Every structure is written in C-alpha cells, then in structure tokens.
Amino acid sequence: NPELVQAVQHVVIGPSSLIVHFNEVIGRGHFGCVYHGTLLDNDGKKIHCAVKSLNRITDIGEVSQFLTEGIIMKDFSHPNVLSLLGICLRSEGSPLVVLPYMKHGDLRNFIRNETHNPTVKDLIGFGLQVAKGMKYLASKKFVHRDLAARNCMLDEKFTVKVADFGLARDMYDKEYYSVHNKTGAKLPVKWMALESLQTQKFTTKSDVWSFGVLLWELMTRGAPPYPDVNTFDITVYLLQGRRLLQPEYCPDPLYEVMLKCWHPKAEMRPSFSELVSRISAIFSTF
Ligand SMILES: Cc1[nH]c(/C=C2\C(=O)Nc3ccc(S(=O)(=O)Cc4c(Cl)cccc4Cl)cc32)c(C)c1C(=O)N1CCC[C@H]1CN1CCCC1
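Quick note: the sequence shown uses the entry's author numbering, first residue 1059, plus one each step.
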C-alpha cells in the first residue's frame, strides 16, 4: 500500500547503518526473534539497539495490517514511552523493526530479582514513571490494551518505558495470556477491566484498571495476580466485587488508589492525570 510506504519512508534505516547479531537473541515473539544490534546515527555514533524480525509472518496482508496499526508510534515522543528508532528494508527477508536497547530489561523481572531488592520508595517511583507515560498516551488518545509490569522496560539510566505497543507488540510469553474469553484469542484476562471482558471493548479507562493491577505488581515485587482464581472465573470473581488484596508493604493510601482503579463504573475511575498527581503526592511523603 502506498500511503503506508510513504510513512515508513519517514523512518527508514539503510542496511549499512545496521548490524544485527543473530547469535544474540533477547526475545522470541510470534512474528520472529528480537536480536541485539548496533545502529549508526548519521552524525557519528554507535547506538546499541533491539532488532525485531518479522520473518515469521507469511501473509503480506498480515504485514500491512501490522505496519498500518503500528506506524503511528513514530509520532509519539516522551521519556516514559518506548520510541521507534526506525525500520530497515531489505531484499530477501522481511522489514526489521528497530527499537531502543533496554539494558535492564522488563520491570517485572527487575523487581523480582532478589539482589536488586528495590525499596517501597523505588517501587512507587517506577509506578509514577509508568503513570506519566500513560498520561502522555491518553492525551494522544492512544489505548494500550496490554499494560502490565512485563511490558514496561528499563533503560541504562533506570528510566521506565511503557512498551509492547505498536510495532513492538507481540506475544512474547504466553503464561499470563488466556483464550478463555469472548474473543477466543489469547488475552491478558487478569489485567483486563471487568467491562472489557463483558463487552470486548478497550478504552483508556480500562487501561486505568490495568495500571491498577500494575501497581499491585510493583508493591508485591512481581507476584502473579489472582493465583487462585481460574481463568474461567475472573469475570464472576470481579462481578462479585472481589479485588486483589492489599500487599504487605503497600502503603494504605496507595491501596486506595488501586481500589479507585478497579471501580466497576468505568467513569468513576481516575484519569492518568489524577493518578500522576496522587501518586506523585504519595511519593514525596517518602
Ligand atoms: C537486555 C534485555 N533487553 C530486553 C528487552 C528489550 C530491549 O532491550 N529493547 C526493547 C524494546 C521493546 C521491548 S517491548 O516490551 O516492546 C517487546 C518485548 C521484546 Cl522486544 C522482548 C521481550 C519482551 C517484550 Cl514484552 C523490549 C525491549 C530484555 C527483556 C533484556 C534481558 O533479557 N535482560 C536485562 C536484565 C537482565 C536480562 C534478563 N534476561 C533473562 C534471560 C536472559 C537475560
């Protein structure tokens, strides 16, 4: 499609700019592996990067859909939102999606790591970062649909980046995805707002619900949500008004914030602007 090739042209990367280390796999998704790479910016310097292969995709139509949906990310720019470096086009072999390198990986493993032992304050700071990244996306009217600790990365300066959207979205670990929902597709049902499970629709408000689960993940340092609720039962569980319990080391006012995030009435849940304020307030008390 022309329109699409137009926009991709904006972010095209010439192969001689890009070195991929195919011996260096940093993740496997349904579309293909992600590799270590190094990119050369025009005015000099080596940029370490993550290179996503789309070689698994067979249908050209699947690729058009994917670029189409994902390309708008090039318009985003915010220190708490993952950026697109560019797209490399080639002869044999699919386009490579070029993304920033995240030295410290995903937030969930980072905080589960026992030698890291992040403090409650560190944990709340990470949460505040994610809040600010979501505030930006909502203002662009972009709905994430899969916010969670496993989908936020940390760079070498320990800046948190909301990720796994757009050209970076793929199934990377299916443990916490389930087809037991109305669409029949693998969805993150234990992060989904009640109404999305019922109506199959996603909004910024259900992003807020997910951010609420993400917070609980931080304060438990990466414990799995609802470990004793079957994926068959998560809707009924929530209808009954039951919710994730307060973590041992979660401050009380932060648990309030979580609970506001899981209000059954979608419009009764705070905005990310609200969240950034409230959570910022709580962070300062530390
Ligand atoms: C070095 C590294 N990088 C990453 C992830 C990303 C990166 O470097 N750039 C990215 C750009 C986008 C995204 S994403 O979130 O949009 C999609 C994605 C990808 Cl590409 C790969 C894995 C998971 C996900 Cl959700 C992730 C990374 C990860 C998960 C790791 C990474 O892998 N790290 C870092 C801490 C120590 C180590 C822990 N690993 C456990 C098994 C081998 C080592």
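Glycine residues also receive a C-beta, built at the ideal position from the N, C-alpha and C atoms.
Asked                                                                                                                                                                           : Found
Can you tell me whether DSSP reads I1145 as helix, strand or coil?                                                                                                              : strand
For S1111, does the three-state DSSP call read helix, strand or coil?                                                                                                           : strand
According to DSSP, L1154 sits in a beta bridge with which residue or residues?                                                                                                  : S1111 and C1146
Would you kindly report the start and end of the unbroken alpha helix (DSSP H) that includes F1216?                                                                             : Looking at the DSSP string, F1216 is not in any alpha helix (DSSP H), and its letter there is neither H nor E.
Which two residues bound the contiguous alpha helix (DSSP H) that contains residue 1396?                                                                                        : Since the first and last residues shown for the chain are 1059 and 1344, residue 1396 lies out of range.
Using only the alpha-carbon positions, how far apart do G1270 and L1212 sit?                                                                                                    : 19 Å
Locate the beta strand (DSSP E) running through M1211, then write down its first and last residues.                                                                             : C1210 to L1212
With the cut-off set at 9 Å, would you say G1087 and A1108 are in Cβ contact?                                                                                                   : no
Between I1071 and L1097, which are expected to be in contact by the criterion C-beta below 8 Å, what is the C-beta distance as a whole number of angstroms?                     : 7 Å
Taking 9 Å as the threshold (C-beta atoms), are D1204 and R1227 in contact?                                                                                                     : yes
Taking 8 Å as the cut-off, does the CB of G1163 come closer than this to any heavy atom belonging to ligand 1?                                                                  : yes
Here's a check: name, in chain order, each residue in its chain whose Cβ is nearer than 7 Å to the Cβ of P1073, leaving out the five neighbours to either side.                 : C1146 and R1148
Assuming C1210 contacts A1221 under a Cβ cut-off of 8 Å, what Cβ separation, rounded to an integer in Å, is found between them?                                                 : 6 Å
Take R1166 and list the residues in its own chain whose beta-carbon comes closer than 7 Å to its own, dropping the five residues that flank it on each side.                    : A1207, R1208, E1275 and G1280
Compute the minimum distance between the beta carbon of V1092 and the heavy atoms of ligand 1, and state whether it is under 8 Å.                                               : yes
Taking the C-alpha atoms as reference points, what is the distance between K1179 and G1163?                                                                                     : 20 Å
Can you have a look at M1326 and say buried or exposed, based on whether 16 or more other CB atoms are within 10 angstroms of its CB?                                           : exposed
Under the three-state reduction of DSSP, which class applies to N1081: helix, strand or coil?                                                                                   : strand
So does the region 1252-1269 actually touch the region 1326-1338, counting three or more Cβ pairs closer than 8 Å?                                                              : yes
Beta carbon of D1265: closer than 8 Å to some heavy atom of ligand 1?                                                                                                           : no
Label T1173 either buried or exposed according to how many other C-beta atoms from any shown protein chain fall within 10 Å of its C-beta, with 16 as the threshold for buried. : exposed
Locate the beta strand (DSSP E) running through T1096, then write down its first and last residues.                                                                             : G1090 to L1098
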